[PDB]
Amino acid sequence: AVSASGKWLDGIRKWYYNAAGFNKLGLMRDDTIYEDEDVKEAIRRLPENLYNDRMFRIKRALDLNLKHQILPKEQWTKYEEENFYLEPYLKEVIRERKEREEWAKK
Amino acid sequence: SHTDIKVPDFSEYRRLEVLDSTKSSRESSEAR
Amino acid sequence: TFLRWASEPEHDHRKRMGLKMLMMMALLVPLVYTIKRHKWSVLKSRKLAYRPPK
Amino acid sequence: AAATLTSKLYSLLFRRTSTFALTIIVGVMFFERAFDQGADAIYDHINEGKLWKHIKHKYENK
Amino acid sequence: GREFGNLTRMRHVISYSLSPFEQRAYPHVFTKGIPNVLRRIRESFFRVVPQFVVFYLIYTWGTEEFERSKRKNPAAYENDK
Amino acid sequence: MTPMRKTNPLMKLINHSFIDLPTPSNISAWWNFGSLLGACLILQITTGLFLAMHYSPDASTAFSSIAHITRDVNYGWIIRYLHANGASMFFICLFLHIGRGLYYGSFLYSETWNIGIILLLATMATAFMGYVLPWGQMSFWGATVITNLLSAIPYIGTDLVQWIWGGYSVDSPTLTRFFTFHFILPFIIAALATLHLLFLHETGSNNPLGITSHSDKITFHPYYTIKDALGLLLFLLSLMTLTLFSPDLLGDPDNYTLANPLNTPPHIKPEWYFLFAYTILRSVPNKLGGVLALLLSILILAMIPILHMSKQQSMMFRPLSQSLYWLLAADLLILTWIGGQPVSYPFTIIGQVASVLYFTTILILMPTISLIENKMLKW
Ligand SMILES: COC1=C(OC)C(=O)C(C/C=C(\C)CC/C=C(\C)CC/C=C(\C)CC/C=C(\C)CC/C=C(\C)CC/C=C(/C)CC/C=C(/C)CC/C=C(\C)CC/C=C(/C)CCC=C(C)C)=C(C)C1=O
Ligand code: HEM
Ligand code: HEM
């Protein structure tokens, strides 16, 4: 595979990640996704610990935005430590919807 | 345990009259 | 000058009311902002903590 | 050691809301006169001679 | 879902607050307030300003070109003779 | 023993809408203009009602009536200026009220967003018929141009124009019906505004972050009352400064000369708030093309929710979309500026470029960059 292009792709993605300010508030990537019915069901399937963590980090972000403050540098989220915890659940829900729609047309 | 909880210091935000944890706040109440 | 009056005979009165408005705003705007800060202080100083079972 | 001015103003007036309203309206009565007179004097002092009330002297009482 | 009694389900969170009368209305508004505003301005300066600068350049040139057009043409009179 | 605001039917509504309304705590000033809009409406209504007690809606005495208001009616000049200046403030807040939704993604509330489009069109009509009431040179001719714009209809054309005019041209009958329509529509807008708030309450307000705010909701009575009471004070400060120091800044002369059907001023430019659309019209040589452009413009707002492709509401976390947004705003500023300038070579070409750039950015660039940002996030 392409090495220089892949490294350039990784570099620009990391640059874009730092440009987005949600890491400044301790938010993970999966917290910012718009909450449509599919996301609502996906959240309903989360285990209690991840659900509890998600709610608290959202509260902290809202609280910080309240006073126009920013979390300290050392506590910013890092590009390599992020875990896409919500990806498997959302994918399964979307696939189920596609199967239902495919059946419904015939 | 519920006893490990203790309120973090708000000294920075407190009024000058009630900064210290020694003098009663009752007298300053009317003024504040 | 006479023509400027004939097209605006409320000139002097308009500016007098403006003068009073300026001084009244100067007194009021800081006061109302102070009340806003007073009420909102409880939220701006709020501190949060997260203590899961472990 | 004297009790602060604000403390006295609170106990006698602000503690009871009815007196709090009474002092407000009396203050409005007084401040209205004071503010109006002060502002008018300032405006006139900015424009001596221009305002016609300062010109009446040159022609009055025939 | 529309009443404070039942909106969400949270757990294991604590909050601390002080009364309005026990704290200053302008705390650290000289040492901690101004720098935060400067952070806000700096963090979003290049995302907005430069575009509006282009607008100003387009506005100035335009006016200049418009007036430049009304100037008389010396090349339309050299031969008129 | 229980609170009396939870039993009386009239107090239940006030409690729901005003006192115990759950509202996000992190909403910024952008969420204040909503209230201000209603406040401004309430001002206009009262200001206009007092002007109606001395206005004669006739083509031969309307202009003289206004002159009499400003010279003989006690504090008539201030009332007239407050009405005129308060209309510009309405649009300023209205444009900023619409921009917030565009930026933060509030259009996802279909019902509320669509009701707003209707409210915008209703307010635009109210302001146009109000501006013709004074019966000045600009008023007379501005109505003529805008009313002759319906002749582009394929087969009906003239019929609508003559029907609206109540005759073969613009004259007293047109003035009278416009006066009545001006009077009534604002009250219709009030009913629409209640429907606007109705559909809103089912879901609630959207926070700047775009994440669900159900964990940080607070009551409205103690916090946003004072916060919205401070905004209204600033709104009044701006309005009173405009009225008491620069009464005629956002207006235009030639409205103080009697309307002449024969004479016509050269520039004849419309009001500032109806300038961006005016340039869009002039950019297309065809009449039918221009009118379609004007309409297609407003229609874009209805189509914007369908064009959304990103997996986030707010553009706060999408800087490329932010840059496009601000470029679009600058384009609107250029359109307004061009509308204020005469028809000439540089202005005409610039207007055409601005118009095409406007449409292309909304219809093409925004969806493409949104997908690109989804790619760099490994969505
Ligand atoms: C030259 O200068 C000028 C301009 O400039 C060019 C101007 O302009 C103007 C201005 C004037 C005009 C255009 C005239 C405008 C009209 C007027 C003055 C008339 C004023 C009065 C009114 C409209 C009031 C009449 C209507 C009334 C009371 C309507 C009441 C009905 C309702 C509430 C029902 C509607 C309800 C709701 C929420 C909104 C719609 C319905 C809904 C459920 C939501 C709809 C959407 C959906 C479910 C979403 C569907 C789904 C999804 C994803 C998207 C689907 C996408 C697909 C592609 C299928 C002037 C004068 C001018 O001189
Ligand atoms: C013309 C008179 C109008 C009035 C009186 C009015 C009134 C209001 C008020 C008071 C709010 C609450 C503000 C908030 O909670 O942020 C609001 C919200 C809203 N308005 Fe209007 N509005 C008007 C026009 C419009 C227009 C033209 C649009 C165009 C889209 C619009 C779209 C919206 C939307 C989407 C919201 C919800 C914002 C959110 O949920 O964050 N409104 N309106
Ligand atoms: C949103 C609501 C309204 C808007 C936007 C609006 C707008 C306007 C505008 C821009 C003008 C012309 C100002 C000028 O030429 O300087 C005007 C004139 C007028 N409007 Fe309205 N108006 C509204 C509501 C009302 C209402 C409810 C009445 C009820 C009587 C009213 C009565 C009048 C009158 C009498 C005039 C004549 C102005 C004059 O004689 O100078 N308006 N309006």
# chains A, B, ... in the order shown; residues from 1 in each chain; ligands from 1
>>> residues_around(residues="residue 93 of chain A", least_positions_apart="6", cutoff="12 Å", atoms="only C-alpha atoms", output="ChimeraX atom specification")
/A:36-45,86-87,99-100
>>> write_last_selection(atoms="N, CA and C atoms", output="JSON list (two decimals), in the first residue's frame")
[["chain", "number", "residue", "atom", "x", "y", "z"],
["A", 36, "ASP", "N", -30.19, 10.88, 15.95],
["A", 36, "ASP", "CA", -31.40, 10.46, 15.27],
["A", 36, "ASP", "C", -31.93, 9.17, 15.90],
["A", 37, "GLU", "N", -33.10, 8.73, 15.43],
["A", 37, "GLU", "CA", -33.73, 7.54, 16.01],
["A", 37, "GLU", "C", -32.77, 6.36, 16.04],
["A", 38, "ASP", "N", -31.97, 6.19, 14.99],
["A", 38, "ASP", "CA", -30.99, 5.11, 14.98],
["A", 38, "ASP", "C", -29.99, 5.26, 16.11],
["A", 39, "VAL", "N", -29.48, 6.47, 16.31],
["A", 39, "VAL", "CA", -28.55, 6.71, 17.41],
["A", 39, "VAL", "C", -29.24, 6.51, 18.75],
["A", 40, "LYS", "N", -30.50, 6.92, 18.85],
["A", 40, "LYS", "CA", -31.23, 6.76, 20.11],
["A", 40, "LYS", "C", -31.30, 5.29, 20.51],
["A", 41, "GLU", "N", -31.65, 4.42, 19.56],
["A", 41, "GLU", "CA", -31.69, 2.99, 19.87],
["A", 41, "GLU", "C", -30.30, 2.47, 20.19],
["A", 42, "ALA", "N", -29.29, 2.92, 19.46],
["A", 42, "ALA", "CA", -27.92, 2.48, 19.72],
["A", 42, "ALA", "C", -27.50, 2.83, 21.15],
["A", 43, "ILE", "N", -27.80, 4.05, 21.60],
["A", 43, "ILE", "CA", -27.48, 4.43, 22.97],
["A", 43, "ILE", "C", -28.23, 3.55, 23.95],
["A", 44, "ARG", "N", -29.48, 3.21, 23.64],
["A", 44, "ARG", "CA", -30.27, 2.36, 24.52],
["A", 44, "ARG", "C", -29.63, 0.99, 24.71],
["A", 45, "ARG", "N", -28.78, 0.56, 23.79],
["A", 45, "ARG", "CA", -28.13, -0.74, 23.87],
["A", 45, "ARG", "C", -26.78, -0.69, 24.56],
["A", 86, "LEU", "N", -19.14, 3.41, 20.17],
["A", 86, "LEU", "CA", -20.49, 3.39, 19.64],
["A", 86, "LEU", "C", -20.57, 2.82, 18.23],
["A", 87, "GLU", "N", -19.44, 2.62, 17.55],
["A", 87, "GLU", "CA", -19.48, 2.18, 16.16],
["A", 87, "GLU", "C", -20.17, 0.83, 15.99],
["A", 99, "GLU", "N", -32.16, -4.10, 6.06],
["A", 99, "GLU", "CA", -32.82, -5.38, 5.82],
["A", 99, "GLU", "C", -34.34, -5.22, 5.83],
["A", 100, "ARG", "N", -34.86, -4.45, 6.79],
["A", 100, "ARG", "CA", -36.30, -4.23, 6.85],
["A", 100, "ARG", "C", -36.80, -3.52, 5.59]]
>>> select_by_dssp(residues="chain D", states="helix (DSSP H, G or I)", output="count of residues only")
46
>>> atom_distance(atom1="atom CA of residue 89 of chain A", atom2="atom CA of residue 35 of chain A")
13.6 Å
>>> interface_residues(of="chain D", to="chain B", cutoff="7 Å", atoms="only C-alpha atoms", output="list in words")
residues 4, 6, 7 and 10 of chain D
>>> closest_residue(among="F:243, F:106, F:2, F:7", to="ligand 3", atoms="only C-alpha atoms and all ligand atoms")
F:243
>>> interface_residues(of="chain B", to="chain E", cutoff="8 Å", atoms="only C-alpha atoms", output="PDB file with C-alpha atoms, in the first residue's frame")
ATOM      1  CA  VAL B   7     -16.609  20.328  49.377  1.00  0.00           C
ATOM      2  CA  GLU B  12     -11.480  32.358  45.238  1.00  0.00           C
ATOM      3  CA  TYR B  13     -15.134  33.295  44.671  1.00  0.00           C
ATOM      4  CA  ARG B  14     -16.110  34.114  48.263  1.00  0.00           C
ATOM      5  CA  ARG B  15     -16.695  37.656  49.471  1.00  0.00           C
ATOM      6  CA  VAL B  18     -16.461  35.526  54.785  1.00  0.00           C
ATOM      7  CA  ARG B  32     -23.958  41.565  52.413  1.00  0.00           C
TER       8      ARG B  32
END
>>> interface_residues(of="chain A", to="chain F", cutoff="7 Å", atoms="only C-alpha atoms", output="ChimeraX atom specification")
/A:13,20-22,32-34,59,62,65-66
>>> residues_near_ligand(ligand="ligand 1", cutoff="6 Å", atoms="only C-alpha atoms and all ligand atoms", output="JSON, numbers by chain")
{"F": [110, 111, 112, 114, 115, 118, 121, 122, 124, 125, 128, 146, 274, 277, 294, 306]}
>>> write_last_selection(atoms="N, CA, C and O atoms", output="tab-separated table (two decimals), in the first residue's frame")
chain	number	residue	atom	x	y	z
F	110	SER	N	-38.06	20.54	11.60
F	110	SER	CA	-38.82	20.80	10.38
F	110	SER	C	-39.98	21.74	10.65
F	110	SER	O	-40.08	22.83	10.07
F	111	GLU	N	-40.90	21.32	11.52
F	111	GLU	CA	-42.10	22.10	11.79
F	111	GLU	C	-41.77	23.55	12.10
F	111	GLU	O	-42.25	24.47	11.43
F	112	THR	N	-40.94	23.78	13.12
F	112	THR	CA	-40.61	25.14	13.51
F	112	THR	C	-39.94	25.89	12.36
F	112	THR	O	-40.25	27.06	12.11
F	114	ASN	N	-40.20	25.50	9.12
F	114	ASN	CA	-41.11	25.86	8.04
F	114	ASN	C	-42.02	27.01	8.46
F	114	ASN	O	-42.29	27.91	7.65
F	115	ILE	N	-42.50	27.00	9.70
F	115	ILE	CA	-43.34	28.09	10.18
F	115	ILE	C	-42.58	29.41	10.07
F	115	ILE	O	-43.16	30.45	9.76
F	118	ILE	N	-42.72	31.03	6.60
F	118	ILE	CA	-43.98	31.75	6.43
F	118	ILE	C	-43.94	33.08	7.16
F	118	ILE	O	-44.35	34.12	6.63
F	121	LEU	N	-41.98	35.67	5.17
F	121	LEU	CA	-42.68	36.22	4.01
F	121	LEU	C	-43.78	37.18	4.45
F	121	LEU	O	-44.00	38.22	3.82
F	122	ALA	N	-44.48	36.85	5.54
F	122	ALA	CA	-45.53	37.74	6.04
F	122	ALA	C	-44.95	39.07	6.49
F	122	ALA	O	-45.52	40.13	6.21
F	124	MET	N	-42.13	40.43	5.45
F	124	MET	CA	-41.64	41.14	4.27
F	124	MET	C	-42.77	41.91	3.59
F	124	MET	O	-42.59	43.06	3.18
F	125	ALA	N	-43.94	41.28	3.47
F	125	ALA	CA	-45.09	41.96	2.89
F	125	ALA	C	-45.51	43.15	3.73
F	125	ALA	O	-45.82	44.23	3.20
F	128	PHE	N	-43.22	46.16	3.15
F	128	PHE	CA	-43.31	46.78	1.83
F	128	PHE	C	-44.53	47.68	1.73
F	128	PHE	O	-44.44	48.78	1.18
F	146	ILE	N	-42.25	47.14	-8.19
F	146	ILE	CA	-42.47	45.82	-7.60
F	146	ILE	C	-43.81	45.24	-8.04
F	146	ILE	O	-43.95	44.02	-8.17
F	274	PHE	N	-34.44	45.15	1.46
F	274	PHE	CA	-34.89	44.51	0.23
F	274	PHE	C	-33.92	44.82	-0.91
F	274	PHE	O	-34.34	45.18	-2.01
F	277	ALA	N	-32.07	40.75	-2.76
F	277	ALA	CA	-32.94	40.18	-3.78
F	277	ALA	C	-33.02	41.09	-5.00
F	277	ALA	O	-33.14	40.60	-6.13
F	294	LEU	N	-35.66	35.29	-7.54
F	294	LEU	CA	-36.15	35.78	-6.25
F	294	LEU	C	-36.84	34.67	-5.47
F	294	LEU	O	-36.54	34.44	-4.29
F	306	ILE	N	-32.87	19.46	3.55
F	306	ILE	CA	-32.68	18.29	2.70
F	306	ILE	C	-31.24	18.18	2.23
F	306	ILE	O	-30.75	17.08	1.95
>>> residues_near_ligand(ligand="ligand 2", cutoff="6 Å", atoms="only C-alpha atoms and all ligand atoms", output="ChimeraX atom specification")
/F:31,34-35,37-38,98,101,106-107,112-113,116-117,119-120,193,205-206
>>> write_last_selection(atoms="N, CA and C atoms", output="PDB file, in the first residue's frame")
ATOM      1  N   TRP F  31     -29.507  33.021  21.168  1.00  0.00           N
ATOM      2  CA  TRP F  31     -30.849  32.554  21.491  1.00  0.00           C
ATOM      3  C   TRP F  31     -31.736  33.648  22.069  1.00  0.00           C
ATOM      4  N   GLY F  34     -34.791  35.739  19.381  1.00  0.00           N
ATOM      5  CA  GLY F  34     -36.147  35.228  19.355  1.00  0.00           C
ATOM      6  C   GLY F  34     -37.095  36.089  20.164  1.00  0.00           C
ATOM      7  N   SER F  35     -36.810  36.230  21.460  1.00  0.00           N
ATOM      8  CA  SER F  35     -37.619  37.094  22.313  1.00  0.00           C
ATOM      9  C   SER F  35     -37.662  38.517  21.771  1.00  0.00           C
ATOM     10  N   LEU F  37     -37.439  39.691  18.830  1.00  0.00           N
ATOM     11  CA  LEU F  37     -38.342  39.809  17.689  1.00  0.00           C
ATOM     12  C   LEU F  37     -39.765  40.092  18.150  1.00  0.00           C
ATOM     13  N   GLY F  38     -40.282  39.263  19.058  1.00  0.00           N
ATOM     14  CA  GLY F  38     -41.616  39.501  19.582  1.00  0.00           C
ATOM     15  C   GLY F  38     -41.739  40.858  20.246  1.00  0.00           C
ATOM     16  N   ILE F  98     -32.242  34.115  11.820  1.00  0.00           N
ATOM     17  CA  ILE F  98     -32.165  33.062  10.814  1.00  0.00           C
ATOM     18  C   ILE F  98     -30.740  32.544  10.688  1.00  0.00           C
ATOM     19  N   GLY F 101     -29.838  29.681  13.222  1.00  0.00           N
ATOM     20  CA  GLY F 101     -30.323  28.364  12.847  1.00  0.00           C
ATOM     21  C   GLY F 101     -29.511  27.751  11.725  1.00  0.00           C
ATOM     22  N   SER F 106     -30.326  24.443  13.533  1.00  0.00           N
ATOM     23  CA  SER F 106     -31.675  24.408  14.081  1.00  0.00           C
ATOM     24  C   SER F 106     -32.723  24.046  13.039  1.00  0.00           C
ATOM     25  N   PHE F 107     -32.377  24.075  11.751  1.00  0.00           N
ATOM     26  CA  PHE F 107     -33.349  23.747  10.716  1.00  0.00           C
ATOM     27  C   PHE F 107     -33.839  22.310  10.819  1.00  0.00           C
ATOM     28  N   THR F 112     -40.942  23.777  13.117  1.00  0.00           N
ATOM     29  CA  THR F 112     -40.609  25.141  13.508  1.00  0.00           C
ATOM     30  C   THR F 112     -39.936  25.890  12.365  1.00  0.00           C
ATOM     31  N   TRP F 113     -39.009  25.232  11.664  1.00  0.00           N
ATOM     32  CA  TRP F 113     -38.281  25.899  10.590  1.00  0.00           C
ATOM     33  C   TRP F 113     -39.222  26.343   9.476  1.00  0.00           C
ATOM     34  N   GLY F 116     -41.272  29.378  10.331  1.00  0.00           N
ATOM     35  CA  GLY F 116     -40.479  30.591  10.232  1.00  0.00           C
ATOM     36  C   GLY F 116     -40.465  31.162   8.830  1.00  0.00           C
ATOM     37  N   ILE F 117     -40.328  30.295   7.826  1.00  0.00           N
ATOM     38  CA  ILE F 117     -40.314  30.756   6.442  1.00  0.00           C
ATOM     39  C   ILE F 117     -41.578  31.553   6.153  1.00  0.00           C
ATOM     40  N   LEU F 119     -43.443  33.078   8.401  1.00  0.00           N
ATOM     41  CA  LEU F 119     -43.361  34.319   9.164  1.00  0.00           C
ATOM     42  C   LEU F 119     -42.503  35.351   8.444  1.00  0.00           C
ATOM     43  N   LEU F 120     -41.397  34.911   7.843  1.00  0.00           N
ATOM     44  CA  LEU F 120     -40.528  35.832   7.119  1.00  0.00           C
ATOM     45  C   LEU F 120     -41.264  36.479   5.956  1.00  0.00           C
ATOM     46  N   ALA F 193     -46.872  33.403  15.072  1.00  0.00           N
ATOM     47  CA  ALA F 193     -45.802  33.292  16.056  1.00  0.00           C
ATOM     48  C   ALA F 193     -46.183  32.324  17.166  1.00  0.00           C
ATOM     49  N   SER F 205     -35.405  23.638  22.988  1.00  0.00           N
ATOM     50  CA  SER F 205     -34.389  24.414  22.295  1.00  0.00           C
ATOM     51  C   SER F 205     -33.132  23.582  22.073  1.00  0.00           C
ATOM     52  N   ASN F 206     -32.376  23.955  21.046  1.00  0.00           N
ATOM     53  CA  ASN F 206     -31.144  23.269  20.681  1.00  0.00           C
ATOM     54  C   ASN F 206     -29.951  24.050  21.218  1.00  0.00           C
TER      55      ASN F 206
END
>>> decode(residues="segment 29-41 of chain D", atoms="N, CA and C atoms", output="CSV table (one decimal), in the first residue's frame")
chain,number,residue,atom,x,y,z
D,29,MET,N,-39.5,59.8,43.1
D,29,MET,CA,-40.0,61.2,43.2
D,29,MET,C,-38.9,62.2,43.3
D,30,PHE,N,-37.9,61.9,44.2
D,30,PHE,CA,-36.8,62.8,44.4
D,30,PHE,C,-35.8,62.8,43.3
D,31,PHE,N,-35.4,61.6,42.8
D,31,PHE,CA,-34.4,61.5,41.8
D,31,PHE,C,-34.9,62.1,40.5
D,32,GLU,N,-36.2,62.0,40.2
D,32,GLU,CA,-36.8,62.6,39.0
D,32,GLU,C,-36.5,64.1,38.9
D,33,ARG,N,-36.8,64.8,40.0
D,33,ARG,CA,-36.5,66.2,40.0
D,33,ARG,C,-35.0,66.5,39.9
D,34,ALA,N,-34.2,65.8,40.7
D,34,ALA,CA,-32.8,66.0,40.7
D,34,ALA,C,-32.2,65.8,39.3
D,35,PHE,N,-32.5,64.6,38.7
D,35,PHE,CA,-31.9,64.3,37.5
D,35,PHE,C,-32.4,65.2,36.4
D,36,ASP,N,-33.6,65.6,36.3
D,36,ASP,CA,-34.1,66.5,35.3
D,36,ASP,C,-33.5,67.8,35.4
D,37,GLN,N,-33.4,68.4,36.6
D,37,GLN,CA,-32.8,69.7,36.8
D,37,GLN,C,-31.3,69.7,36.4
D,38,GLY,N,-30.6,68.7,36.8
D,38,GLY,CA,-29.1,68.6,36.5
D,38,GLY,C,-28.9,68.5,35.0
D,39,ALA,N,-29.7,67.6,34.3
D,39,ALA,CA,-29.5,67.4,32.9
D,39,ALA,C,-29.8,68.7,32.1
D,40,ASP,N,-30.9,69.4,32.5
D,40,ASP,CA,-31.2,70.6,31.8
D,40,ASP,C,-30.2,71.7,32.0
D,41,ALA,N,-29.6,71.8,33.2
D,41,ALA,CA,-28.5,72.8,33.4
D,41,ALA,C,-27.3,72.5,32.6
